[PDB]
Structures are given as C-alpha cells and as structure tokens.
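Presented as structure tokens, the chain that follows is alone, the form deposited in one PDB entry.
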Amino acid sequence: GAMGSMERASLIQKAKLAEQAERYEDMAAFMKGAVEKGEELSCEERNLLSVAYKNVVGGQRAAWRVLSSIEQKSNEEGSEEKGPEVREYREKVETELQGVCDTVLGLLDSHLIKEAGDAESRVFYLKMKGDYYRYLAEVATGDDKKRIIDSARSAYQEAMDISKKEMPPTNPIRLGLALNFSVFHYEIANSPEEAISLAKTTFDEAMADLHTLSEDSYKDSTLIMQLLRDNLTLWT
C-alpha cells in the first residue's frame, strides 16, 4: 500500500481535508490506508470510509448509466453503426467501477466485518457489503449475476436481522439499511411489492418510536424517514 508509511491519524486527518476539497478519490485512498493499519474504525471513521467510496462509485455509476444509454440507442433499429468504441468505453468505466466495488468488499472481508461485534459497526459494514454487491449487480450480465444478487441479498438480510434485534426502529443506520434493501428489492430483485412493504413498515415503526427521541435524534431519524416516503411516492 502506498499509504503504508503514513501515520493512521495523518491518514484520517487528510481524509477530512480531502472531503473539504471535494477530492473523493483521495479521500477513499486515505481511508483505505487507514483501514489497512488493521485497527477497528470508530463511528466517525466508518462514515469517512463510506462517504468517500459512495462518492467515487456514485460518479462511476452515473457515467456508466450515460454510456449504457448511448450504447442501447446505438443498438436500436435504424441506428448508424459507429464501431466498437461505445461498448469499449462503457466496458472501461464498468471495469473501473467493478474494481472499486471489489476494493471495498475486500476491505470488509479483510478484516472489518469479522472484527465488528457491536451492532452499530456490524450492521454498518454488512449494509456496505450489500450496497457494493448491489452496485456490482447493476452492471452484471454473466454466469454469476444471480450469485452477485444473492450475495447482496444475504448481506442485507444479516444486517436486517441484527438491526431488528439490537437497534431501535428509529436508529438511522437501521433506517438507511432498510431504505437501501427496499431499493435492492425494487431495482435488482424484481420485487416491487417487497420493496414497498419494507419501506412502509420501516416508516410506520419509526414513526411510532419518534416520541422517545431528543430533538437532534428526531432530526436525524425523520431525515431518512422522508427518503422512505419519497421512494413510496415514486413507487405508488
């Protein structure tokens, strides 16, 4: 690792600087270096890791969608042939995206998940594992697409089971996990009814627990509750 010679604390400091500068590739590289120091991550550090790679893969996904759309049009009836270039460049972006996903999944497997014993860390990492298998699923078309989808499902399911046993229904990690697993159902697993049921049940159970919260916790929970409602409105 090119970050092997840098202090852990310096890597975390520079990840925060990179965030302020909107340099998310750098941020991700710094946080990968921090993970590879081998110590567990604090709550703040876990969110630095997720923010960094979410921004990196988010841009890749947006670019892949643009290129896939152009490629699909080039393959409609009546479209002038323009050669292999659209497919090639879509493939280039796709391979880079798969590489980022594999990197994140590698960090989770070596060895963040196995050392995560508290619910807040273990659910967080298993949600990430589901998310990055979901991004692999979005571009998958081969012999292993079903296995990629089931890897996402399995990670989300383990995270869901822990979150329901160990966290209140308003916990923002529990809420965000449910939000994203619901999207997995709708967009990946061809299960819109499951997606809608999960979003609605998560929203209603959170609603009933808001009375227990401080003003600041209320703000955090209702933010994600509104995303659940937004998706329900999109889907119904």
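One rule holds for the numbers: they count along the sequence shown, beginning at 1. Take the two forms, find the largest set of C-alpha atoms that superpose within 1.5 Å, and that set is the rigid core.
The records show that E77 is omitted from the coordinate set of at least a third of the other eligible entries of this protein. Two stretches are in play, 58-66 and 30-38, and the higher mean C-alpha B-factor belongs to 58-66. In this entry, 133-141 has the higher mean Cα B-factor, the comparison being between 100-108 and 133-141. In this entry, the residue among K114, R153, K127, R90 with the greatest C-alpha B factor is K114. When the CA B factors of the chain's modelled residues are split into thirds, the value for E193 lands in the middle one. Among all modelled residues in its chain, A199 ranks in the lowest third by Cα B-factor. Annotation for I148: CA B-factor lies in the highest third of the chain's modelled residues. When the CA B factors of the chain's modelled residues are split into thirds, the value for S221 lands in the middle one.
For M160, the recorded CA temperature factor ranks within the middle third of the chain's modelled residues.
Another form exists, deposited in another entry; not displayed. Remarks below refer to it.
When the two forms are overlaid on the rigid core, CA displacement between the shown form and the other one of 2 Å or more is confined, within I12, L213, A18, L227, to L213.
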